[PDB]
Each structure stands twice: as structure tokens, then as C-alpha cells.
Ligand SMILES: Nc1ncnc2c1ncn2[C@@H]1O[C@H](COP(=O)(O)OP(=O)(O)OC[C@H]2O[C@H](O)[C@H](O)[C@@H]2O)[C@@H](O)[C@H]1O
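In the authors' numbering, the protein residues as written are 29 to 281.
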């Protein structure tokens, strides 16, 4: 049988096209300053942090460090990707494959460009069925998921180095659209993290700086709470450390 929650989530899945960029900037603008935003950096998975936020989050959203060209990443390379962790534990794949999200994949593929495009998919009330360990949750917990691909900085470096000056501007403006989806959908709690910093090989300090700059500027006080849940099993914890250091000025009471 189709799992509970899936049908309603798929039918409510929505595409944000690049032409919505100003609508997202306006939504951020209208919401800036609403709260004293609290921030934190944790070493949790995206869904551990979401499940810990749920009970006291009015509208909870999380970022999917998405593939531009295949729902769920096509399930290639293994279980170190965040997006495959999301599709393993939740109904997200059933949303990403929806007919209305298909332009995101078709256009990004048609771009023949490792910066990808400014399409974003919004997936309402995605049910989380399992925890990090794969055990069945007694009750699925719903989360709203924003799907956006960071620029593929590894592929720029190796395949089209004349786009190298475009990686950070791309990352910066698309991070702006992610927050703008969240503000347009009037989300209070956001689970962010090291978007683009593994398979896509973006620089962790650069990505956390870009989220810092936005949460101190255009998106300042637009959200109740922001969690940078940064899973990092590398020996020196360089990703988690880069986020912790770069986001120490924001994560203050
Ligand atoms: N469940 C997790 N939760 C939180 N953080 C995680 C998790 N898993 C990894 N991280 C950390 O977050 C960092 C980034 O996670 P990555 O998945 O590489 O994001 P990208 O945007 O650079 O690659 C996206 C591509 O890879 C996928 O296949 C997509 O389909 C795309 O094709 C990791 O280094 C971890 O430290």
C-alpha cells in the first residue's frame, strides 16, 4: 500500500522557476526583522535536527543538497550523500519524481552547465519514516523540504574552468532563493548545512560565510531558528569546524 502522507505531499509539491526570483526576494524583504533569530551549528544529520526541532517548530523546513539532473541523485556512489540519506528515510523521492517537478530536472540537464539553474522544488509535509540508524519511527514526522542544487564546483574546476569566477555568485544568489522560498512559504525553523560541500566540492568556509552574510543582511530576523546540521565523519572535522568558526558571530545569545 502507498505509505500514509505520500499522496498529499506529492500533489502539494511545487516548482519555483527562475522567473520567481523577485517574488522570493520580496518575501524575504517582508519578513526580515520579524524575530530575534537564534542560530546554531550541530554535527547532526539533517533529519536528526529536524526531528529534534519538530515539537516546537511552527513551520519546519530543511534544505536538500540536491542533484540538478536526477531525482535523489539517481542513487549512485553510496550512502555518504545527504540527498540519498533524505530519500532513504522519508517520502522525498516520491515528491521529487512528481510531474510538476519534472521541469527542474529537464531544464538543468538542458543547461549543459555545471552551475545549473535557479529552479527550486518545494515539497510540503514530507514524512520522515526512519531515523539515521534505519529504525522505524513509531510516528512519521513531517518536514517541508527545499530542493536546490548548489553549483557543482568540482565539475567547473575539471570541466569548464572559465566558470570558476561564477561559482560563488551562483552559490550566493541561489542561497538567497532558498531562504526566499522559505520566507514565501512562511517557514519559521530551517535546517541548513554544508550545501554543496562534499560531492560538489564547494569550499565549506565559503558556503558558511555566504549563509552568514545573508542571515546578517537580507534574511536577518526573517526566521525564528536556523540549524546548520553538519554531518562530518572526517578525522579533523574540517567541514563542521569551518561552519562552527564562520557562524560563531551569528550563533550568539
Ligand atoms: N544526512 C546528512 N545530513 C547532514 N549533512 C550531511 C549528510 N550527509 C552528508 N552531510 C554533509 O554535507 C556535506 C554536503 O553533502 P553532499 O551530499 O555531499 O552535498 P553536495 O551538494 O556537495 O553534493 C550533492 C551531490 O551529491 C548527491 O549525490 C546529490 O545527488 C548531488 O548529486 C557532506 O560533505 C557532509 O559533510
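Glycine included, each C-beta is placed from N, C-alpha and C at the ideal position.
Task: Meets three-Cβ-pair contact criterion under 8 Å: the stretch 95-110 and the stretch 121-136 - done: Under the 8 Å Cβ criterion, the stretch 95-110 counts as touching the stretch 121-136, having at least three qualifying pairs.
Open item on the list: Please tell me whether, using a cut-off of 6 Å, the distance from the CB of residue 159 to the nearest non-hydrogen atom of ligand 1 is below it.
Closed with: no
Task: Close Cβ partners of residue 268 (< 6 Å) along its chain, the five nearest in sequence each way excluded - done: Closer than 6 Å at Cβ, skipping near neighbours: 71, 258 and 260.
Open item on the list: Could you tell me the alpha carbon to alpha carbon distance between residue 231 and residue 119, rounded to whole angstroms?
Closed with: Distance from the CA of residue 231 to the CA of residue 119, rounded to the nearest whole angstrom, comes to 30 Å.
- [ ] May I ask you to verify whether the stretch 204-219 touches the stretch 82-90, counting CB pairs closer than 8 Å and requiring at least 3?
- [x] They touch, by the three-pair rule.
Task: the stretch 195-204 contacting the stretch 137-152, beta-carbon criterion three pairs below 8 Å - done: yes
- [ ] Within the stretch 105-160, note down every full alpha helix (DSSP H) run reaching 4 residues or more, in order along the chain.
- [x] 110-117, 120-124 and 130-138
Open item on the list: Just to confirm the assignment: which complete alpha helix (DSSP H) runs, minimum length 4, are found wholly within the stretch 197-264?
Closed with: 232-244
TODO: Drop a sphere of 10 angstroms on the beta-carbon of residue 30, count the other beta-carbons inside from all chains shown, and report buried for 16 or more, exposed for fewer.
DONE: exposed
Task: Endpoints, the beta strand (DSSP E) within which residue 42 is located - done: 42-44
Open item on the list: Using the three-state DSSP reduction, which class does residue 85 fall into: helix, strand or coil?
Closed with: coil
Open item on the list: Quick check: the stretch 147-162 against the stretch 54-66, are at least 3 beta-carbon pairs closer than 8 Å?
Closed with: no
Task: Alpha-carbon to alpha-carbon, residue 245 and residue 175 - done: Rounded to the nearest angstrom, the two C-alpha atoms are 23 Å apart.
Task: Span of the beta strand (DSSP E) around residue 55 - done: Not the beta strand (DSSP E): residue 55 falls in the alpha helix (DSSP H), residues 49-59.
Open item on the list: Let me check you understand the geometry: is the CB of residue 74 closer than 6 Å to at least one non-hydrogen atom of ligand 1?
Closed with: Within the cutoff, so yes.
Open item on the list: Quick check: what's the CA-CA separation for residue 180 versus residue 228?
Closed with: 5 Å
Task: Residue nearest to residue 274 in terms of C-alpha spacing, selected from 242, 210 and 177 - done: 242
Task: Three-state secondary structure (DSSP) of residue 65 - done: Correct three-state label for residue 65: coil.
TODO: Give me the Cα-Cα distance between residue 81 and residue 194, rounded to the nearest whole angstrom.
DONE: 35 Å
- [ ] Tell me whether residue 168 sits in a helix, a strand or coil according to DSSP, three-state version.
- [x] strand
TODO: Report yes if the C-beta distance between residue 42 and residue 132 is below 7 Å; otherwise report no.
DONE: no
Task: Nearest to residue 130 (by Cα), restricted to the options 225, 107, 95 and 163 - done: Nearest C-alpha to residue 130: 95.
- [ ] Name the two residues that bound the continuous alpha helix (DSSP H) containing residue 187.
- [x] 181-187
TODO: Thinking residue 255 and residue 50 are a contact (beta carbons under 8 Å), I'd like their distance in whole angstroms, please.
DONE: With 8 Å as the limit, residue 255 and residue 50 do not qualify as a contact, their Cβ atoms being about 28 Å apart.
Task: Contacts around residue 209, its chain only, beta-carbon distance under 7 Å, and the 5 residues preceding and following it disregarded - done: 44, 52, 148, 150 and 174
Task: alpha helix (DSSP H) segment containing residue 270, residue limits - done: 266-274 is the span of the alpha helix (DSSP H), which, as asked, contains residue 270.
TODO: Give a single yes or no on whether residue 113 has its beta carbon closer than 6 Å to a heavy atom of ligand 1.
DONE: yes
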